[PDB]
file coords_19.txt (compact mmCIF, C-alpha atoms and all ligand atoms)
# COMPACT_ATOMS: atom_id res chain seq x y z
CA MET N 1 22.15 -16.30 -12.72
CA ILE N 2 18.70 -17.81 -12.41
CA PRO N 3 17.58 -20.56 -9.90
CA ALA N 4 17.08 -24.05 -11.32
CA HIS N 5 13.24 -24.17 -10.65
CA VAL N 6 12.61 -21.08 -12.87
CA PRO N 7 12.42 -21.93 -16.62
CA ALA N 8 14.40 -19.57 -18.78
CA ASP N 9 11.41 -18.70 -20.94
CA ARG N 10 9.79 -17.13 -17.75
CA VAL N 11 12.70 -14.75 -17.18
CA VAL N 12 11.99 -10.96 -17.43
CA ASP N 13 13.56 -7.91 -16.11
CA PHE N 14 10.55 -5.92 -15.32
CA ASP N 15 11.25 -3.49 -12.44
CA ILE N 16 8.18 -2.95 -10.32
CA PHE N 17 9.25 0.42 -9.03
CA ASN N 18 9.49 1.73 -12.76
CA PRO N 19 7.70 -0.19 -15.32
CA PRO N 20 8.68 1.60 -18.49
CA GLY N 21 5.92 3.97 -19.61
CA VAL N 22 4.72 4.15 -15.98
CA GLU N 23 5.16 7.86 -16.05
CA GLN N 24 2.81 8.24 -18.99
CA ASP N 25 0.29 5.56 -18.22
CA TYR N 26 0.44 3.32 -15.11
CA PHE N 27 -1.85 0.67 -16.43
CA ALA N 28 -0.58 0.07 -19.91
CA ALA N 29 2.81 -0.21 -18.33
CA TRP N 30 1.66 -3.10 -16.31
CA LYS N 31 -0.50 -4.45 -18.96
CA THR N 32 2.45 -5.37 -21.12
CA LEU N 33 3.06 -8.30 -18.86
CA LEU N 34 -0.17 -9.81 -20.39
CA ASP N 35 1.59 -10.71 -23.66
CA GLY N 36 3.88 -13.06 -21.71
CA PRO N 37 3.62 -16.03 -19.48
CA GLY N 38 1.22 -16.05 -16.61
CA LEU N 39 3.85 -16.20 -13.96
CA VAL N 40 7.29 -14.79 -14.58
CA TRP N 41 10.57 -14.28 -12.60
CA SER N 42 11.97 -10.83 -12.50
CA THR N 43 15.68 -10.41 -12.13
CA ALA N 44 15.36 -6.85 -10.63
CA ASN N 45 15.20 -6.03 -7.05
CA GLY N 46 17.09 -9.15 -5.83
CA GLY N 47 15.07 -11.68 -7.86
CA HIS N 48 11.32 -12.48 -7.47
CA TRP N 49 8.14 -13.78 -9.03
CA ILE N 50 5.49 -11.42 -10.56
CA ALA N 51 1.92 -12.74 -11.08
CA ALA N 52 1.01 -11.75 -14.66
CA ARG N 53 -2.46 -13.10 -15.42
CA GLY N 54 -5.60 -12.57 -13.34
CA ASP N 55 -6.20 -16.29 -12.37
CA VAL N 56 -2.66 -16.43 -11.08
CA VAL N 57 -2.89 -13.04 -9.41
CA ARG N 58 -6.15 -13.98 -7.78
CA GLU N 59 -5.30 -17.51 -6.76
CA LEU N 60 -1.97 -16.70 -5.23
CA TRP N 61 -3.40 -13.69 -3.35
CA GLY N 62 -5.84 -15.92 -1.64
CA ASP N 63 -3.19 -18.43 -0.58
CA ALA N 64 -2.66 -16.81 2.77
CA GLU N 65 -1.57 -20.08 4.33
CA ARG N 66 1.40 -20.75 1.92
CA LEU N 67 2.10 -17.18 0.96
CA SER N 68 2.91 -15.08 4.06
CA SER N 69 2.39 -11.43 4.34
CA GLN N 70 5.42 -10.98 6.38
CA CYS N 71 8.15 -9.63 4.07
CA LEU N 72 5.72 -6.66 3.40
CA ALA N 73 7.71 -5.60 0.51
CA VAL N 74 10.39 -6.81 -1.85
CA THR N 75 12.86 -4.11 -0.35
CA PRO N 76 14.92 -5.97 2.33
CA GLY N 77 14.41 -4.72 5.91
CA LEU N 78 11.21 -2.77 5.33
CA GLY N 79 8.86 -5.54 6.68
CA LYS N 80 11.06 -6.12 9.72
CA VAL N 81 10.68 -2.51 10.57
CA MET N 82 7.07 -1.42 10.00
CA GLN N 83 5.42 -4.62 11.41
CA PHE N 84 1.95 -3.60 10.40
CA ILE N 85 -0.98 -5.04 12.41
CA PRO N 86 -2.99 -6.76 10.87
CA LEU N 87 -1.51 -6.38 7.47
CA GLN N 88 1.61 -8.29 8.17
CA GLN N 89 0.31 -11.15 10.28
CA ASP N 90 -0.56 -14.86 9.46
CA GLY N 91 -2.91 -17.60 10.58
CA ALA N 92 -4.36 -17.36 13.99
CA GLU N 93 -2.47 -14.28 15.04
CA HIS N 94 -3.93 -12.52 12.08
CA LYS N 95 -7.39 -13.87 12.72
CA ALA N 96 -7.31 -12.54 16.32
CA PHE N 97 -6.15 -9.08 15.48
CA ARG N 98 -8.36 -8.65 12.38
CA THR N 99 -11.68 -9.26 14.22
CA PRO N 100 -11.67 -6.12 16.45
CA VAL N 101 -10.02 -3.93 13.82
CA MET N 102 -12.62 -5.03 11.40
CA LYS N 103 -15.30 -4.46 13.87
CA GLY N 104 -13.99 -0.95 14.27
CA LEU N 105 -14.65 -0.28 10.69
CA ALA N 106 -18.25 -1.97 10.57
CA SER N 107 -21.01 -0.58 8.17
CA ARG N 108 -22.99 1.36 10.76
CA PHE N 109 -19.81 3.14 11.56
CA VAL N 110 -18.84 4.08 8.00
CA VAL N 111 -22.48 5.05 7.57
CA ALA N 112 -22.29 7.25 10.71
CA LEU N 113 -19.15 8.70 9.43
CA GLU N 114 -20.73 9.85 6.14
CA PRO N 115 -21.90 13.41 7.07
CA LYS N 116 -18.67 14.28 8.78
CA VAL N 117 -16.45 12.87 5.94
CA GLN N 118 -18.48 14.69 3.31
CA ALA N 119 -18.23 18.21 5.05
CA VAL N 120 -14.43 17.60 5.02
CA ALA N 121 -14.42 16.76 1.38
CA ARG N 122 -16.66 19.84 0.73
CA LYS N 123 -14.54 22.24 2.79
CA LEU N 124 -11.43 21.25 0.78
CA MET N 125 -13.35 21.60 -2.55
CA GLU N 126 -14.42 25.12 -1.54
CA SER N 127 -10.89 26.23 -0.72
CA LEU N 128 -9.98 25.44 -4.34
CA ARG N 129 -13.00 26.41 -6.36
CA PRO N 130 -12.31 30.10 -6.56
CA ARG N 131 -8.89 29.44 -8.24
CA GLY N 132 -10.02 28.16 -11.72
CA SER N 133 -7.21 25.65 -11.66
CA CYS N 134 -5.15 23.33 -9.49
CA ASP N 135 -2.53 20.59 -9.31
CA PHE N 136 -5.02 18.20 -8.19
CA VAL N 137 -2.67 15.66 -6.71
CA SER N 138 -0.75 18.12 -4.56
CA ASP N 139 -3.73 20.38 -3.65
CA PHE N 140 -6.50 17.76 -3.17
CA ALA N 141 -5.65 14.06 -3.39
CA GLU N 142 -2.62 14.17 -1.15
CA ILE N 143 -4.57 16.38 1.38
CA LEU N 144 -8.01 14.74 1.88
CA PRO N 145 -6.76 11.36 3.14
CA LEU N 146 -5.12 13.01 6.19
CA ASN N 147 -8.04 15.32 6.83
CA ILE N 148 -10.40 12.36 6.96
CA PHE N 149 -7.96 10.53 9.31
CA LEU N 150 -8.26 13.52 11.58
CA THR N 151 -11.99 13.21 11.40
CA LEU N 152 -12.00 9.37 11.93
CA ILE N 153 -10.13 9.65 15.26
CA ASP N 154 -12.11 12.71 15.99
CA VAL N 155 -9.36 15.14 17.07
CA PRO N 156 -10.84 18.41 18.66
CA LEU N 157 -11.16 21.11 16.06
CA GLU N 158 -8.71 23.64 17.55
CA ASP N 159 -5.90 21.10 17.05
CA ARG N 160 -6.66 20.17 13.40
CA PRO N 161 -4.48 22.94 11.85
CA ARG N 162 -1.48 22.21 13.90
CA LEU N 163 -1.93 18.45 13.48
CA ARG N 164 -2.30 18.76 9.59
CA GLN N 165 1.13 20.32 9.30
CA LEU N 166 2.73 17.80 11.66
CA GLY N 167 1.13 15.12 9.55
CA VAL N 168 1.97 16.51 6.14
CA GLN N 169 5.57 15.42 6.55
CA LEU N 170 4.81 11.68 6.09
CA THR N 171 2.04 11.93 3.59
CA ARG N 172 4.60 11.01 2.37
CA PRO N 173 7.25 11.48 -0.44
CA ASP N 174 9.80 8.50 -0.75
CA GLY N 175 12.29 10.23 0.28
CA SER N 176 15.83 10.15 1.89
CA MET N 177 14.52 9.36 5.47
CA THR N 178 15.10 5.74 6.60
CA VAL N 179 12.44 3.13 6.88
CA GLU N 180 13.27 3.27 10.60
CA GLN N 181 12.88 7.11 10.94
CA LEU N 182 9.69 6.99 9.00
CA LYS N 183 8.20 4.61 11.52
CA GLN N 184 9.50 6.63 14.34
CA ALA N 185 7.94 9.75 12.91
CA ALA N 186 4.47 8.21 12.58
CA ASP N 187 4.62 6.56 16.04
CA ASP N 188 5.52 9.98 17.37
CA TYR N 189 2.77 11.53 15.56
CA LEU N 190 0.35 8.90 16.61
CA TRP N 191 1.31 8.20 20.21
CA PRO N 192 -0.60 11.23 21.78
CA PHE N 193 -3.73 10.07 20.16
CA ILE N 194 -3.19 6.59 21.53
CA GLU N 195 -2.57 7.61 25.19
CA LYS N 196 -5.76 9.66 25.29
CA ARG N 197 -7.97 6.96 23.95
CA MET N 198 -6.61 3.89 25.81
CA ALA N 199 -7.07 6.11 28.86
CA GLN N 200 -10.47 7.79 28.06
CA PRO N 201 -11.95 5.76 25.27
CA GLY N 202 -14.32 7.79 23.09
CA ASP N 203 -16.50 6.74 20.21
CA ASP N 204 -14.00 7.43 17.33
CA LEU N 205 -12.18 4.85 15.24
CA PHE N 206 -9.21 4.11 17.46
CA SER N 207 -11.05 4.10 20.76
CA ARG N 208 -13.53 1.62 19.34
CA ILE N 209 -10.74 -0.73 18.28
CA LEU N 210 -8.67 -0.33 21.35
CA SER N 211 -11.43 -1.24 23.74
CA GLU N 212 -12.11 -4.61 22.00
CA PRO N 213 -10.08 -7.60 23.16
CA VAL N 214 -7.64 -9.53 20.98
CA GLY N 215 -8.39 -13.31 21.33
CA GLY N 216 -9.74 -12.69 24.80
CA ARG N 217 -6.81 -10.50 26.18
CA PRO N 218 -6.36 -6.69 26.16
CA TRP N 219 -4.13 -5.04 23.41
CA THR N 220 -0.45 -4.45 24.54
CA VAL N 221 0.83 -0.94 24.07
CA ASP N 222 3.09 -2.04 21.08
CA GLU N 223 0.35 -3.87 19.26
CA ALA N 224 -1.77 -0.60 19.32
CA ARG N 225 1.31 1.22 18.08
CA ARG N 226 1.56 -1.29 15.20
CA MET N 227 -2.17 -1.41 14.39
CA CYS N 228 -2.67 2.37 14.46
CA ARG N 229 0.27 3.01 12.25
CA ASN N 230 -1.25 0.53 9.88
CA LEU N 231 -4.60 2.38 9.87
CA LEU N 232 -2.87 5.69 9.27
CA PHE N 233 -0.71 4.45 6.43
CA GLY N 234 -3.36 2.07 4.96
CA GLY N 235 -5.61 5.11 4.61
CA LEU N 236 -3.36 7.74 2.97
CA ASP N 237 -1.34 6.60 -0.03
CA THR N 238 -4.11 4.35 -1.41
CA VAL N 239 -7.06 6.70 -0.96
CA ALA N 240 -5.10 9.65 -2.63
CA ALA N 241 -4.13 7.53 -5.55
CA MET N 242 -7.65 6.45 -6.00
CA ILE N 243 -9.28 9.95 -5.52
CA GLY N 244 -6.55 11.03 -8.05
CA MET N 245 -7.41 8.50 -10.71
CA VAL N 246 -11.09 9.31 -10.32
CA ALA N 247 -10.55 13.00 -10.85
CA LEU N 248 -8.36 11.89 -13.77
CA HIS N 249 -11.17 9.85 -15.10
CA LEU N 250 -13.56 12.69 -15.14
CA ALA N 251 -11.23 15.34 -16.71
CA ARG N 252 -10.83 12.89 -19.68
CA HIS N 253 -14.54 11.93 -19.93
CA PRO N 254 -16.58 15.13 -19.66
CA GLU N 255 -19.63 13.10 -20.76
CA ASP N 256 -19.47 11.15 -17.46
CA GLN N 257 -19.18 14.39 -15.73
CA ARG N 258 -22.55 15.35 -17.18
CA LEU N 259 -24.06 11.91 -16.73
CA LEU N 260 -23.15 12.33 -13.08
CA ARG N 261 -24.25 15.95 -12.50
CA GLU N 262 -27.59 15.00 -14.17
CA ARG N 263 -28.04 11.61 -12.44
CA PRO N 264 -26.47 12.07 -9.04
CA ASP N 265 -28.37 8.90 -8.14
CA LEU N 266 -25.86 7.16 -10.20
CA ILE N 267 -22.82 8.07 -8.10
CA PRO N 268 -22.66 4.95 -5.94
CA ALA N 269 -22.58 2.59 -8.94
CA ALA N 270 -20.01 4.77 -10.65
CA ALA N 271 -17.73 4.77 -7.63
CA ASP N 272 -17.83 0.92 -7.62
CA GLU N 273 -17.07 0.81 -11.38
CA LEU N 274 -14.37 3.48 -11.17
CA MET N 275 -12.70 1.68 -8.25
CA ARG N 276 -12.80 -1.62 -10.26
CA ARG N 277 -11.44 0.40 -13.29
CA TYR N 278 -8.42 2.05 -11.75
CA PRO N 279 -6.77 -0.20 -9.26
CA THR N 280 -3.06 0.65 -8.45
CA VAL N 281 -2.16 -1.40 -5.41
CA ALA N 282 0.36 -4.34 -5.47
CA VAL N 283 1.47 -6.63 -2.72
CA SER N 284 4.33 -8.99 -1.83
CA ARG N 285 4.27 -12.30 -0.28
CA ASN N 286 6.97 -14.68 0.92
CA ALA N 287 6.66 -18.37 0.22
CA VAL N 288 6.64 -20.45 3.46
CA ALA N 289 5.56 -23.65 1.48
CA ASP N 290 6.16 -24.75 -2.08
CA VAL N 291 3.27 -23.61 -4.26
CA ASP N 292 2.45 -24.92 -7.68
CA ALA N 293 0.96 -22.48 -10.13
CA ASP N 294 0.52 -21.97 -13.79
CA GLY N 295 2.36 -25.22 -14.29
CA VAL N 296 5.45 -24.25 -12.31
CA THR N 297 6.52 -24.22 -8.66
CA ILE N 298 7.39 -21.45 -6.34
CA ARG N 299 9.81 -22.56 -3.61
CA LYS N 300 9.78 -21.79 0.12
CA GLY N 301 11.83 -18.55 0.33
CA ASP N 302 10.75 -17.07 -2.98
CA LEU N 303 9.20 -13.62 -2.99
CA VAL N 304 5.95 -13.09 -5.02
CA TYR N 305 4.55 -9.80 -6.33
CA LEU N 306 0.89 -9.42 -6.98
CA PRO N 307 -0.41 -6.43 -9.14
CA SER N 308 -4.09 -6.19 -8.69
CA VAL N 309 -4.40 -4.43 -12.09
CA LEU N 310 -3.41 -7.68 -13.86
CA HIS N 311 -6.66 -9.14 -12.40
CA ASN N 312 -9.12 -6.34 -12.89
CA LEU N 313 -7.92 -5.29 -16.27
CA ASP N 314 -7.02 -8.67 -17.71
CA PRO N 315 -9.43 -9.19 -20.54
CA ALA N 316 -9.14 -12.92 -19.82
CA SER N 317 -10.78 -12.45 -16.40
CA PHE N 318 -13.31 -9.65 -17.20
CA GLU N 319 -15.08 -8.64 -20.38
CA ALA N 320 -13.89 -5.22 -21.87
CA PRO N 321 -12.10 -4.42 -18.70
CA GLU N 322 -11.15 -0.95 -19.78
CA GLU N 323 -14.85 0.05 -20.29
CA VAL N 324 -16.61 1.86 -17.45
CA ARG N 325 -20.04 0.18 -17.99
CA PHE N 326 -23.06 -0.02 -15.74
CA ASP N 327 -24.36 -3.51 -16.51
CA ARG N 328 -21.76 -5.90 -14.94
CA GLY N 329 -23.68 -6.65 -11.78
CA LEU N 330 -20.26 -7.09 -10.20
CA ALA N 331 -20.01 -7.19 -6.44
CA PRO N 332 -16.80 -5.29 -5.46
CA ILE N 333 -15.26 -8.35 -3.67
CA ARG N 334 -15.28 -10.07 -7.07
CA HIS N 335 -12.36 -7.92 -8.23
CA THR N 336 -9.03 -7.33 -6.49
CA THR N 337 -8.72 -3.67 -5.85
CA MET N 338 -9.05 -4.02 -2.07
CA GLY N 339 -7.36 -7.42 -2.28
CA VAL N 340 -8.75 -10.89 -1.70
CA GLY N 341 -9.26 -13.49 1.03
CA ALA N 342 -8.28 -13.17 4.64
CA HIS N 343 -6.27 -9.98 3.95
CA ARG N 344 -8.98 -7.97 2.15
CA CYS N 345 -9.08 -4.30 3.00
CA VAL N 346 -10.93 -3.72 6.37
CA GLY N 347 -11.38 -0.27 4.96
CA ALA N 348 -13.25 -1.36 1.79
CA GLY N 349 -16.66 -0.13 2.96
CA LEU N 350 -15.02 3.19 4.09
CA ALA N 351 -12.97 3.73 0.99
CA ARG N 352 -16.10 3.26 -1.12
CA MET N 353 -17.98 5.80 0.91
CA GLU N 354 -14.91 7.99 0.72
CA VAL N 355 -14.97 7.97 -3.03
CA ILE N 356 -18.73 8.43 -3.19
CA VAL N 357 -18.75 11.56 -0.95
CA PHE N 358 -15.88 12.97 -3.13
CA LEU N 359 -17.94 12.44 -6.20
CA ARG N 360 -21.01 13.93 -4.58
CA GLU N 361 -19.07 17.13 -3.45
CA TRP N 362 -16.71 17.33 -6.43
CA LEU N 363 -19.51 17.07 -9.06
CA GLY N 364 -22.21 19.07 -7.16
CA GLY N 365 -20.13 22.03 -6.06
CA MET N 366 -17.66 22.19 -8.90
CA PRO N 367 -18.22 23.47 -12.47
CA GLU N 368 -17.07 21.56 -15.57
CA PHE N 369 -13.34 20.83 -15.24
CA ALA N 370 -10.87 19.55 -17.85
CA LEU N 371 -7.17 18.76 -18.24
CA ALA N 372 -4.85 21.82 -18.61
CA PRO N 373 -3.62 22.42 -22.16
CA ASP N 374 0.06 22.83 -21.58
CA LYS N 375 0.86 20.58 -18.54
CA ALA N 376 1.25 16.84 -18.72
CA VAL N 377 -0.33 14.18 -16.61
CA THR N 378 2.27 11.88 -15.05
CA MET N 379 2.14 8.87 -12.83
CA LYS N 380 4.66 6.85 -10.71
CA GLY N 381 5.21 3.13 -9.98
CA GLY N 382 5.88 1.18 -6.85
CA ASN N 383 3.31 -0.53 -4.68
CA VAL N 384 0.81 2.25 -4.79
CA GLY N 385 0.59 3.71 -8.27
CA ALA N 386 -0.71 7.23 -8.61
CA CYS N 387 -0.58 10.41 -10.51
CA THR N 388 2.23 12.66 -9.48
CA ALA N 389 0.78 15.58 -11.29
CA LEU N 390 -2.75 16.36 -12.38
CA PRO N 391 -3.26 19.90 -13.62
CA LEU N 392 -6.98 20.76 -13.85
CA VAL N 393 -8.68 23.95 -15.07
CA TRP N 394 -12.23 25.35 -15.03
CA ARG N 395 -14.02 28.66 -15.15
CA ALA N 396 -14.39 29.82 -11.48
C1 LIG U 1 -8.14 3.73 -1.69
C2 LIG U 1 -8.71 2.88 -0.79
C3 LIG U 1 -7.92 1.63 -0.41
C4 LIG U 1 -7.29 0.74 -1.22
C5 LIG U 1 -7.19 0.67 -2.75
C6 LIG U 1 -6.73 -0.20 -0.30
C7 LIG U 1 -6.08 -1.31 -0.67
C8 LIG U 1 -5.91 -2.34 0.19
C9 LIG U 1 -5.55 -3.68 -0.22
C10 LIG U 1 -5.30 -4.19 -1.68
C11 LIG U 1 -5.39 -4.42 0.90
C12 LIG U 1 -5.00 -5.90 0.95
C13 LIG U 1 -3.55 -5.86 1.19
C14 LIG U 1 -2.93 -7.26 1.22
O1 LIG U 1 -3.61 -8.32 1.11
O2 LIG U 1 -1.64 -7.38 1.32
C15 LIG U 1 -5.69 -3.50 2.02
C16 LIG U 1 -5.70 -3.88 3.30
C17 LIG U 1 -5.75 -3.12 4.37
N1 LIG U 1 -6.22 -1.84 4.40
FE1 LIG U 1 -6.68 -0.91 2.66
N2 LIG U 1 -6.99 0.14 1.00
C18 LIG U 1 -7.73 1.27 0.97
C19 LIG U 1 -8.21 2.00 2.01
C20 LIG U 1 -7.94 1.76 3.35
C21 LIG U 1 -8.47 2.57 4.43
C22 LIG U 1 -9.46 3.77 4.22
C23 LIG U 1 -7.97 1.99 5.54
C24 LIG U 1 -8.22 2.31 7.06
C25 LIG U 1 -8.39 3.56 7.52
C26 LIG U 1 -7.16 0.87 5.19
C27 LIG U 1 -6.52 0.03 6.11
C28 LIG U 1 -6.15 -1.27 5.72
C29 LIG U 1 -5.60 -2.34 6.63
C30 LIG U 1 -5.30 -2.34 8.16
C31 LIG U 1 -5.43 -3.60 5.73
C32 LIG U 1 -4.90 -4.97 6.19
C33 LIG U 1 -5.94 -5.99 6.45
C34 LIG U 1 -5.51 -7.43 6.96
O3 LIG U 1 -4.40 -8.01 6.79
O4 LIG U 1 -6.37 -8.13 7.53
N3 LIG U 1 -7.19 0.76 3.83
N4 LIG U 1 -6.05 -2.30 1.55
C1 LIG U 2 6.04 0.74 3.01
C2 LIG U 2 4.87 1.63 3.31
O1 LIG U 2 5.13 2.66 3.90
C3 LIG U 2 3.46 1.25 2.81
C4 LIG U 2 2.85 0.01 2.75
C5 LIG U 2 1.46 -0.36 2.16
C6 LIG U 2 0.25 0.13 2.57
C7 LIG U 2 0.15 0.98 3.80
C8 LIG U 2 -1.09 -0.19 1.82
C9 LIG U 2 -1.26 -1.68 1.40
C10 LIG U 2 0.13 -2.37 1.11
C11 LIG U 2 1.35 -1.41 0.99
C12 LIG U 2 1.08 -0.69 -0.34
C13 LIG U 2 2.71 -2.15 0.92
call {"tool": "encode", "arguments": {"input": "coords_19.txt", "output": "structure tokens", "more": "lines below"}}
Ligand code: HEM
Ligand SMILES: CC(=O)/C=C/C1=C(C)CCCC1(C)C
result
Amino acid sequence: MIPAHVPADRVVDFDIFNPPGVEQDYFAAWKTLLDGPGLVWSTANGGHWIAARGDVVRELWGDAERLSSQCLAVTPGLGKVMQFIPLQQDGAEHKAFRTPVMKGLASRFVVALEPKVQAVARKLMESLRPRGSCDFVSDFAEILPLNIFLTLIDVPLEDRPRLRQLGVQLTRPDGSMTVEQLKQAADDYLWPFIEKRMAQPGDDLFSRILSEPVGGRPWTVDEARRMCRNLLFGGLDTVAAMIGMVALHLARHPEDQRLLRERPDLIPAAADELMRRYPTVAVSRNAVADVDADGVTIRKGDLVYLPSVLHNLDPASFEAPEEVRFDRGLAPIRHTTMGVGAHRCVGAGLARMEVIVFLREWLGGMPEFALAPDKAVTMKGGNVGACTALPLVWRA
């Protein structure tokens, strides 16, 4: 049965956890919703809206006042549990908490972090280069995001090996452990780091954030719990997918690989264009006020799903979106990879550096890689799309 306020022509059954063809190609899968109305109602997953044209994706994603970030996901009970700070807050609450978190991730700090984050990326590269091949997802993409985390909070080097294992269970698969247990496992992982740094603040990421006030008052212990968790998680799944799609891109365009080994001065621009090119994040909102859009109305209560890839790769919003070209003059905030509006990734600057440093180490130190001849590339769906297997070969 469909609600009165949803025209029957807008009804689809698209399932956002498996768009069909998602395993073969994440983006085409999503891109099929372009041949249809700009805002449709999906009967899967308990019934919700999906934004399906870039103007709609972009406009709704900015409506932070009428579209709340509180449900977190379309899966009942998952928002209630994780309570991400800032990611799940509205209005003034969200303004207060965002300020010092943001300030923790300021340019000079990302910039200061460059050398250290590169060496990490390089060390991982070197542990693989002798092999002549690798499952890049499981051996690199899924492993660098946690390493960098370790380096952002500056854990002492002795501990890093023990803490990488501890951490590996929760970067991340699925995966028959409740939403509740998951959050317990990351709080337990994170807690020790929090005690040390609310006690003896250092100059790493968390200390910096934890010594700033929140609207005048000091962080409570639970808020730091919620905000740290949020930094951890916000930094793992998305970065890996991205680093993944970038290594993808290069295995399938060896000519870029040469453009880039020849013109390493071109890496920054290529990061920005690659990041516009392969965005795989999608978010939910819950309507707190009735919102008109695309000549229809979303009602208080309704859930809304926002795939960034229907903005960036909608040819109606960007010329030849599927072309990696170097003459757009597009500022990154003009596309929706890292989101839009009040909720726009605090970690933008850092991600972009992250990718750059990967390119710099991956293209400099490595020889010419390619896809393996007899192993497929496959991706997955959900909120953070990604490859689930990326077999890559090269002459050691
Ligand atoms: C691959 C790189 C990344 C991508 C594609 C990505 C994607 C996003 C997107 C789309 C949002 C907006 C979410 C929304 O409006 O619902 C977001 C926000 C957020 N990201 Fe990222 N992210 C990335 C990296 C990071 C990193 C490196 C960190 C921190 C270590 C991080 C921490 C956060 C947090 C806390 C927010 C919430 C901001 C708020 O509500 O004010 N992310 N990210
Ligand atoms: C449910 C969960 O464990 C992950 C939640 C998320 C993160 C950290 C990144 C941005 C939004 C999203 C993709 C929902």
call {"tool": "residues_around", "arguments": {"input": "coords_19.txt", "residues": "residue 393 (chain N)", "least_positions_apart": "6", "cutoff": "7 Å", "atoms": "only C-alpha atoms", "output": "MDAnalysis selection string"}}
result
chainID N and resid 132:134 369:372
call {"tool": "residues_around", "arguments": {"input": "coords_19.txt", "residues": "residue 156 (chain N)", "least_positions_apart": "6", "cutoff": "12 Å", "atoms": "only C-alpha atoms", "output": "ChimeraX atom specification"}}
result
/N:150,162-163,193,204
call {"tool": "axis_aligned_box", "arguments": {"input": "coords_19.txt", "around": "ligand LIG 2 (chain U)", "padding_each_side": "4 Å", "output": "AutoDock Vina command-line options"}}
result
--center_x 2.4 --center_y 0.1 --center_z 1.8 --size_x 15.3 --size_y 13.0 --size_z 12.2
call {"tool": "closest_residue", "arguments": {"input": "coords_19.txt", "among": "N:191, N:71, N:265, N:387", "to": "residue 23 (chain N)", "atoms": "all atoms listed in the file"}}
result
N:387
call {"tool": "atom_distance", "arguments": {"input": "coords_19.txt", "atom1": "CA of residue 248 (chain N)", "atom2": "CA of residue 136 (chain N)"}}
result
9.1 Å
call {"tool": "residues_around", "arguments": {"input": "coords_19.txt", "residues": "residue 299 (chain N)", "least_positions_apart": "6", "cutoff": "10 Å", "atoms": "only C-alpha atoms", "output": "PDB file with C-alpha atoms, in the coordinates of the input"}}
result
ATOM      1  CA  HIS N   5      13.240 -24.170 -10.650  1.00  0.00           C
ATOM      2  CA  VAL N   6      12.610 -21.080 -12.870  1.00  0.00           C
ATOM      3  CA  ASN N 286       6.970 -14.680   0.920  1.00  0.00           C
ATOM      4  CA  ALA N 287       6.660 -18.370   0.220  1.00  0.00           C
ATOM      5  CA  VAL N 288       6.640 -20.450   3.460  1.00  0.00           C
ATOM      6  CA  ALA N 289       5.560 -23.650   1.480  1.00  0.00           C
ATOM      7  CA  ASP N 290       6.160 -24.750  -2.080  1.00  0.00           C
ATOM      8  CA  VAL N 291       3.270 -23.610  -4.260  1.00  0.00           C
ATOM      9  CA  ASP N 292       2.450 -24.920  -7.680  1.00  0.00           C
TER      10      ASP N 292
END
